[PDB]
Each structure stands twice: as structure tokens, then as C-alpha cells.
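Notes to accompany the following structure.
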Amino acid sequence: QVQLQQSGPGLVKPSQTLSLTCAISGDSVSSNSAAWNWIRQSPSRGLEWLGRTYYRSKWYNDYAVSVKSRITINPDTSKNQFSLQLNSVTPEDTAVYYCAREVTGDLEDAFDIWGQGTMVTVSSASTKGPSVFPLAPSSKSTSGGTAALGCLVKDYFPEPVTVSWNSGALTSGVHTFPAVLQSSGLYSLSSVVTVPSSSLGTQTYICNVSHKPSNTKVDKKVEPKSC
Amino acid sequence: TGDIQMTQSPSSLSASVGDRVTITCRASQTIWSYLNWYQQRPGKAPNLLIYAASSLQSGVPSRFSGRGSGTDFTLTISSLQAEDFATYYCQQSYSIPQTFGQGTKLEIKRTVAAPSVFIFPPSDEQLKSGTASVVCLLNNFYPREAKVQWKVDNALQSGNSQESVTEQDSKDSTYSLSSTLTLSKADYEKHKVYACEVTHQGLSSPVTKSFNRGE
Amino acid sequence: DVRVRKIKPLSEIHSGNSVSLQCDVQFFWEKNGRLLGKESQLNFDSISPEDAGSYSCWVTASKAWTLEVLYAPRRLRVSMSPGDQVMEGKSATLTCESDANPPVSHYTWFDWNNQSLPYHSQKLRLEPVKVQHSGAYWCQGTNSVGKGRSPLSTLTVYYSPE
Ligand SMILES: *[C@@H]1O[C@H](CO)[C@@H](O)[C@H](O)[C@H]1NC(C)=O
């Protein structure tokens with residue numbers, strides 16, 4: 001199984017340089033039957049190929065002319081990774097950056113393995129970690145044999161916040177809403193889940209809030225209330 | 001001639017479960033069979049659906065099919081399923097730079113579904129900070145049109161709430177809405193009744209979910 | 001009633017085949033204003049792409065019939081722009097000149113070690129070129145009939161005078 005893991009700061013100050021990394025598992029960056037690309041996506045412009053690096057007998061590079069002056073995609077043979085560097089970033093560079101393996105056969109040429117993505121925001125503002133508050137289940141959040149509960153993730157910057165329930169073991173009935181923008185410039189979202197009311201006394205429900213641009217990992221247990 | 005430009009049609013389309021849907025992609029220059037189709041589900045990376053115009057990627061269901069060569073291509077879903085709610089992209093690999101289409105948003109029509117309304121008082125932990133957030137939840141409704149009104153002590157609120165709706169659900173094609181009334185701790189404790197009135201097409205009459213600050 | 005058919009090959013007129021046709025007394029053939037045979041059938045031992053053209057007979061004149069020869073890509077050469085001497089850090093474009101019928105569907109590029117490179121079009125842009133990229137390169141064309149190889153054309157990358 002081939003997998004790609006991305007890492008790098010999601011908040012870059014203007015005129016400074018973006019730097020991301022894509023770690024490869026189940027394959028080697030020196031593969032002569034593949035190429036390792038970087039593709040960015042934004043609601044402004046959609047999916048745009050940025051560049052790639054590959055090895056045959058030497059190391060080569062193909063770059064989009066949009067970023068030819070600022071892009072740099074270097075492989076790492078010792079750690080089995082390849083990097084993306086973009087000098088002199090602007091707020092226009094705010095987008096989600098994907099790494100992907102390009103199977104480069106004679107007739108098949110596609111991006112078959114993609115990384116998870118890394119949202120990068122270009123802004124002068126400082127990073128702010130979120131504050132997680134429980135949305136405890138109650139009689140006013142219960143109808144029939146179904147109870148609703150969740151977590152409130154308030155006042156963070158920049159996007160995004162990822163939320164999982166019970167470290168991934170609880171997925172059915174989960175709704176994580178898109179972030180709202182407050183007058184403050186900070187973001188906020190809520191993640192809810194509907195569970196049977198009969199098992200509120202025996203099951204444990206923990207929300208796992210993740211905010212990578214601030215190194216924030218918070219797990220809050222949502223306890224029921226009579227009220 | 002320059003960079004090969006891909007244009008998809010339609011830009012968006014609505015369809016019900018089981019319907020036949022087709023997405024067309026045209027290249028400005030000929031690319032032979034160096035075309036790929038991707039599916040991007042909400043919050044996920046693009047997923048390779050079809051490579052070399054007509055060959056199905058491993059694991060992709062058989063309802064997806066591709067056709068064409070040269071400049072005109074077609075992606076077909078013979079019987080649409082609720083899991084297929086996504087944006088679909090075509091991409092050419094014949095010439096550098098490789099370019100994608102603008103995408104096709106696929107939305108799922110389905111029957112009317114009334115929302116389940118829940119309300120959450122502010123947590124005691126947030127009240128220590130100095131502000132109070134009252135959250136009202138609209139769960140699994142269709143269609144998208146839903147009006148949320150906040151009423152504190154029967155007085156309609158204005159300018160202190162924020163809404164946010166989800167994308168269509170992967171299983172039942174429904175929407176969920178989260179409305180957050182944000183007040184200061186001082187403004188919160190000076191009132192008692194906090195209500196959330198919801199009017200939707202699936203409801204015979206507006207539904208109000210309320211609570212008392214004391215209880 | 002005067003006309004010409006292609007008896008002897010089913011169809012698929014390829015350069016290796018022994019091609020023919022006959023006219024349907026005193027026979028005469030003609031291509032490009034010159035008579036090529038006084039027999040009923042005008043036949044070739046091994047057809048070459050330049051034998052293709054518009055033929056005619058008369059015993060009264062036939063109507064023009066165009067012989068079309070399909071062949072694998074031939075006479076392939078790797079052109080280089082601005083040239084085979086490119087400074088490091090700039091662009092070197094390799095064009096795979098070809099001649100085929102039908103034209104080349106897809107190309108294949110190799111290096112000196114016969115490693116395939118991830119390009120499929122007729123032109124390949126190396127940018128930015130490095131001095132390590134100096135070496136021999138060659139392309140390959142493909143169509144309905146067969147394949148075609150080009151000789152080893154080398155590209156040299158020199159440093160900048162600073
Ligand atoms: C590369 O392939 C060509 C044609 O198949 C052959 O003539 C040549 O010797 C090969 N070179 C190497 C290094 O294998």
C-alpha cells in the first residue's frame with residue numbers, strides 16, 4: 001500500500017517562503033516509473049499543477065510557468081520525501097496544497113496516490129489556538145430514543161480545524177459544520193453527533209479537536225446533564 | 001498552440017438516486033487517450049476514477065465509465081448513488097503543463113425531510129471566560145431552505161447569530177444546519193427564556209425549541 | 001465502362017507489401033504524366049511511400065484513383081532549440097521530427113541508459129536544465145503500422161561564465 005503524508009506550517013507571513021514536505025510510504029522517490037508532483041487547489045482558481053520531480057538516470061524538474069521564479073521541488077533520498085518551496089508568498093498563494101504520485105507509464109499517466117492536503121494561509125495575523133467547549137446532551141437535545149451532543153470550537157486562526165470523535169471509532173451520525181468567520185477575524189465551528197439516549201450512562205463520547213497551525217491537540221469528554 | 005485547456009460541461013447538475021448522468025470534457029488541443037477522471041468528495045483529496053480515458057481504476061464501482069479520445073471525452077454514472085455526491089474533474093497528461101477542468105458539482109435531489117431541532121445552553125466552562133454561546137441544531141433536513149429565528153424572552157433577535165450548513169450527506173443526501181447565538185455573560189444572565197424557532201417545508205407549522213437559563 | 005480497382009491486396013497498403021491493381025486491346029498506365037506500364041496490371045515488388053499518388057489507365061480514359069501507402073514512422077531526428085548547447089538554468093526543447101502515415105499517435109523519450117522519460121508529446125521542454133542532464137537522448141514514434149526509432153542526439157549543458 002502506497003501512502004503520502006504531508007507536513008509543514010499552515011501559516012506563512014507575506015513575502016516569506018512556504019515550505020512543505022510529502023513523506024512517502026510503500027514506494028521510493030527514486031522510482032523510475034513514477035513522478036512526484038505538487039498540486040494546489042483554491043476556490044478562486046481550482047486545481048492547478050505546480051511542479052514535479054522525478055529520477056531516471058539524473059534528477060529532473062518540471063515547473064508551471066506561473067511559479068517558475070519562486071518554486072523549488074527537491075527530493076530527499078535518505079528520508080524518502082520530496083519538498084515544496086515557494087519564495088515571496090502573497091495572499092493570492094492561500095490555497096490547499098496536495099502532493100501526489102504520478103504513475104508515468106507509456107500509456108497510463110495519472111495521479112493515483114494523493115496526500116491528505118495542507119491548507120496554507122498567507123496573512124500578517126498571528127496564529128491563535130481554539131477553545132473547545134462541550135455541547136452536553138440534555139432533555140432539550142433528546143427526541144425519542146436519540147440524543148444529540150457535540151463540541152464547540154471557538155476563536156481560532158487560521159483555518160482549518162479537524163474534529164474526530166472517539167479517536168475515529170465514532171463516525172456514523174457525525175456532522176462537523178464548516179467554519180464561520182466572526183467579526184474578530186477568528187473562526188469557529190461545531191461538531192455534533194446523534195447517539196442513542198439509552199446508552200448515555202455507559203458509552204463515553206470524546207471529541208478530538210486538532211489545530212495544526214498552533215500545535216493544538218485537545219480531547220474533551222462530553223458528559224450528559226439532567227438539567 | 002500553447003497550454004492545453006480543459007473545459008467541462010455542465011458546470012453543475014442536479015440528479016436523483018438511480019439517474020443516468022454524463023459529464024463532458026473537451027480539450028483545446030488533441031490529447032489522444034491521455035485523459036483522467038477524478039472524484040473529490042467533500043473534505044477529501046481528489047480520487048482517481050478513470051485513467052487513459054476508458055480504464056477503471058482499482059476499487060472504483062462499475063457504474064462509472066469513460067469514453068472518447070482526441071478532444072472530446074465523456075464520464076458516465078449509469079445509476080447514480082448518494083455516495084457519488086462530489087465534484088468531478090478531468091485532467092490531461094499528454095503535455096506539460098498538465099491541466100484540469102474547472103470541475104462539475106453534482107447535487108442530489110431527494111424527497112422532503114423535516115429537520116430535528118435541538119438546542120444547547122452555554123457550558124459553565126465558557127461562562128467563566130465571559131461570553132455565552134447558545135447553539136441550535138437542525139439535523140437531517142431537505143431541501144436546503146430553512147429559516148432560523150432566535151427569540152430571547154419572546155423578543156426576536158437580530159445581528160448576534162451566525163449560521164452554517166453542511167454539504168449533502170453521503171448516505172441520505174440531507175443537510176444539517178448549526179445556528180450559534182453569541183452573547184456576553186452579562187447579557188446572558190439578564191434573561192431567562194432562550195428559544196430557537198425553525199420553519200421548514202417539511203414542517204406543518206414552525207417548531208420552537210427553548211430552555212430556561214435556570215433549569 | 002472504364003475504371004480501376006485494387007485487386008491483389010485486400011487492403012492495408014503497407015510499405016513491405018507487394019502491391020498491385022489492374023485496369024478493366026492495348027493497355028496503358030500513367031502517373032504524373034508518365035506511362036509506367038503497357039500491361040493489364042501494374043504491380044510493385046516492394047511498395048515505397050513515394051509510389052503513392054494518383055494513377056490512371058486507358059485502353060477511353062479511366063478516372064483518377066489515389067494509391068495511399070501507410071507506413072511506420074521513419075526518418076526520426078531529435079531537433080533541439082535553441083540548440084544542443086544550452087546554458088545551465090535555462091530552457092532546452094527537444095522536438096521529435098517524424099514522418100508517418102497515419103501520423104504518430106504517441107511518442108516515447110529515452111536517455112542514454114534507455115530509461116523512459118515521463119513525456120508523451122512531440123516536443124519536450126527541459127527547464128531548468130542542469131549540467132548533469134548532459135548526455136544522449138532519443139525519441140520513438142508509434143502509429144497504426146509499427147514503431148520508429150531516432151538516432152542518439154546528445155545535448156550539452158554548459159555552466160554560465162560566473
Ligand atoms: C538501447 O536500445 C537500443 C535499441 O533497442 C539499443 O540499440 C541500445 O544498445 C540500447 N542501449 C542500452 C544501453 O541498453
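FYI, side chains are in, hydrogens and waters are out, and symmetry mates aren't considered; it's all heavy atoms of this structure. Order of the sequence lines fixes the chain letters, A, B, ..., with proteins taken first and strands second; residue numbering starts at 1 for each chain.
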Within a reach of under 6.0 Å around CZ of A/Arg45, are more than 12 heavy atoms found that belong to other residues, nucleotides or ligands? yes
State whether the side chain of B/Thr104 and the backbone N or O of B/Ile23 hold a donor-acceptor pair below 3.5 Å, judged by distance alone. no
Donor-acceptor under 3.5 Å (B/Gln8 side chain, B/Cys90 main chain): yes
Would you please classify the geometry between the A/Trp114 ring and the A/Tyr98 ring as parallel, tilted or perpendicular, with 30° and 60° separating the classes? perpendicular
Using a strict 4.0 Å threshold on nitrogen-to-oxygen distance, state whether B/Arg63 and B/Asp84 make a salt bridge. yes
When you measure from the side chain of B/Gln168 to the backbone of B/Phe85, do you find a donor-acceptor pair of N or O atoms at a distance under 3.5 Å? no
Electrostatic pair A/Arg40-A/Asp93, nearest N-O below 4.0 angstrom: yes
Consider ring pair (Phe, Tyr, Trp, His ring centres under 6.0 Å). Of A/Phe82, A/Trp49, A/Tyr97, which one does A/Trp38 pass it with? A/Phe82
Ignoring hydrogens and geometry, is there a side-chain-to-backbone donor-acceptor pair from A/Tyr55 to A/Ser57 under 3.5 Å? yes
Quick check: does any side chain N or O of A/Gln6 sit under 3.5 Å from a backbone N or O of A/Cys99, one acting as donor and the other as acceptor? yes
Contact summary for A/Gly26 and A/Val2, nearest pair of heavy atoms: O-CG2, 3.8 Å
Kindly determine whether A/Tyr54 and A/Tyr60 satisfy ring pair (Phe, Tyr, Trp, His ring centres under 6.0 Å), including the steps that lead there. CA-CA 6 Å; A/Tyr54 63 88; A/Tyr60 297 85; 5.4 Å; yes
C/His120 and B/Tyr34 aromatic ring geometry - parallel, tilted or perpendicular at 30°/60° bounds: parallel
So, for C/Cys96 and C/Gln140, which heavy atoms are closest and what is the spacing to 0.1 Å? SG-N, 4.4 Å
Heavy-atom nearest pair, B/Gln40 first then B/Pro46, reads NE2-CD, 3.6 Å
Where the side chain of C/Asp24 meets the backbone of C/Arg3, is there a donor-acceptor pair that is under 3.5 Å apart? no
C/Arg149 to C/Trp138, cation-pi by 6.0 Å centre distance and 45° axis angle: yes
Backbone N or O of C/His133 within a donor-acceptor pair of the A/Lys58 side chain at under 3.5 Å? no
Give the minimum heavy-atom separation between B/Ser62 and B/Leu56, together with the two atoms involved. CA-CD2, 4.1 Å
Within the side chain of A/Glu102, is there an N or O that forms a donor-acceptor pair under 3.5 Å with the backbone of A/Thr104? no
Minimum heavy-atom distance C/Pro82-C/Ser91, with the two atoms named: CD-O, 3.7 Å
What's the shortest heavy-atom distance between B/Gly68 and B/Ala53, and which atoms? O-CB, 3.4 Å
Would you say C/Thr156's side chain and C/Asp84's backbone share a donor-acceptor pair under 3.5 angstrom? yes
Identified ring pair (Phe, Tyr, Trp, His ring centres under 6.0 Å) counterpart of C/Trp58 within the set C/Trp29, C/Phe28, C/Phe27: C/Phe28
Taking the six-membered ring of C/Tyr119 (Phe, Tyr or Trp), confirm whether the NZ or CZ of A/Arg52 is under 6.0 Å from its centre and within 45° of its axis. yes
Under 3.5 Å: donor-acceptor pair, side chain of A/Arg56, backbone of C/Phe110: no
